[PDB]
Structures are given as structure tokens and as C-alpha cells.
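J.:
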Ligand SMILES: COc1cc([C@@H](C(=O)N2CCCC[C@H]2C(=O)NC2(C(N)=O)CCCC2)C2CCCCC2)cc(OC)c1OC
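Numbering (PDB author numbering), first residue to last: 13 to 139.
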């Protein structure tokens with residue numbers, strides 16, 4: 013699947029290089045600029061537990077997902093991953109539990125020790 017493809021071909025984008033967050037660019041974005049800490053970022057995304065038990069999609073809500081980058085408003089994997097995206101880029105991200113919800117998980121959607129997969133499209137950002 014897409015999860016297995018990211019394991020094989022994904023770039024490790026973690027500081028520690030522990031393969032906790034792996035990225036493949038699926039669509040190349042525009043220009044060179046990437047978002048700064050505190051930038052308001054607008055995305056569409058699809059997400060699922062790697063094994064497949066749960067699925068989530070901003071498209072199904074007809075609403076872009078917005079957050080402030082690098083503030084812990086989202087799982088670490090997103091703060092790391094979205095920082096690397098250009099406007100219009102689409103990437104796939106595989107996220108180990110240590111960059112997501114770890115041992116605790118989150119009731120009721122995320123079990124303990126869950127690896128998460130995401131497709132993310134960066135629509136826009138602004139400081
Ligand atoms: C743990 O709570 C949620 C998590 C998500 C998804 C999720 O993991 N996130 C939503 C998209 C941004 C990344 C990540 C996230 O940071 N979630 C939040 C968090 N942990 O602070 C920030 C927004 C919702 C909770 C998962 C849903 C199950 C399939 C895998 C992705 C969606 C959710 O609602 C649609 C959640 O409920 C608020």
C-alpha cells in the first residue's frame with residue numbers, strides 16, 4: 013500500500029534520524045518557500061491508522077484544516093512534516109507512535125502504540 017511505499021522509499025525527516033517520520037512527496041509544490049514557526053497553515057488531509065481501523069478526512073467535512081505551525085497544536089509528526097512543505101505540495105507521511113500519540117494513545121480514535129499514515133496537501137500559509 014501507500015504506508016509500505018513510504019517505509020521503503022520515504023525520506024527520514026526527523027532531527028534524531030530514528031525513522032519516526034517518513035515522507036514522500038506525491039505532488040511538487042510551487043517555488044521554494046516553506047512555512048515558519050507560528051505561521052497559520054491551511055491544509056487538506058486524509059489520515060488513517062496504518063493497519064486501517066480508522067479514517068479521517070478534512071474533505072469529508074468540506075473544511076480546510078487550519079493550525080499554527082510549530083506550537084504543539086498538532087502531533088509532532090505534523091509540526092515536523094508540514095514545515096517541509098511548499099505551497100501546493102502534496103506529501104505522504106508515515107508517523108511512528110513517538111511522533112504521534114505514543115503509549116497513551118487517545119480515546120476513542122487512537123489505540124496505544126499506533127503508527128499513523130497521512131496524505132497532506134498544503135493549500136496556503138501566512139505569518
Ligand atoms: C486524537 O483526536 C483526533 C485525531 C484525528 C486525526 C489526527 O491524528 N490528527 C488530525 C489532523 C492533524 C493531525 C492529528 C492531530 O494533531 N490531531 C489533533 C491533536 N492531536 O492535537 C489536532 C486536531 C485534532 C486533534 C486522526 C483520526 C484517526 C485517523 C488518524 C488521524 C482526528 C480527529 O477528529 C476528526 C481527532 O479528534 C479530535
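For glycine and all other residues, C-beta sits at the position ideal for the given N, C-alpha and C.
(1) When DSSP builds the beta bridges, which residues end up paired with residue 111?
(2) Based on the DSSP secondary-structure assignment, which residues constitute the bridge partners of residue 59?
(3) Measure the alpha-carbon distance for residue 123 versus residue 117 and round it to whole angstroms.
(4) Would you say residue 54 touches ligand 1, meaning its beta carbon is less than 7 Å from a heavy atom?
(5) Which class does residue 73 belong to by DSSP, given the choice of helix, strand or coil?
(6) Would you say the beta carbon of residue 68 comes nearer than 7 Å to a heavy atom of ligand 1?
(7) Do residue 134 and residue 84 count as a contact pair if the criterion is CB distance below 8 Å?
T.: Per the coordinate set shown:
(1) Beta-bridge analysis with DSSP links residue 111 to no other residue.
(2) DSSP lists 68, 130 as partners of residue 59.
(3) Between the C-alpha atoms of residue 123 and residue 117 there is a straight-line separation of about 5 Å.
(4) Distances between the C-beta of residue 54 and the heavy atoms of ligand 1 are all 7 Å or more.
(5) In the structure shown, residue 73 adopts helical secondary structure according to DSSP, grouped into three states.
(6) Yes, ligand 1 has a heavy atom inside 7 Å of this Cβ.
(7) No, the pair does not count as a contact, with Cβ atoms beyond the cut-off.
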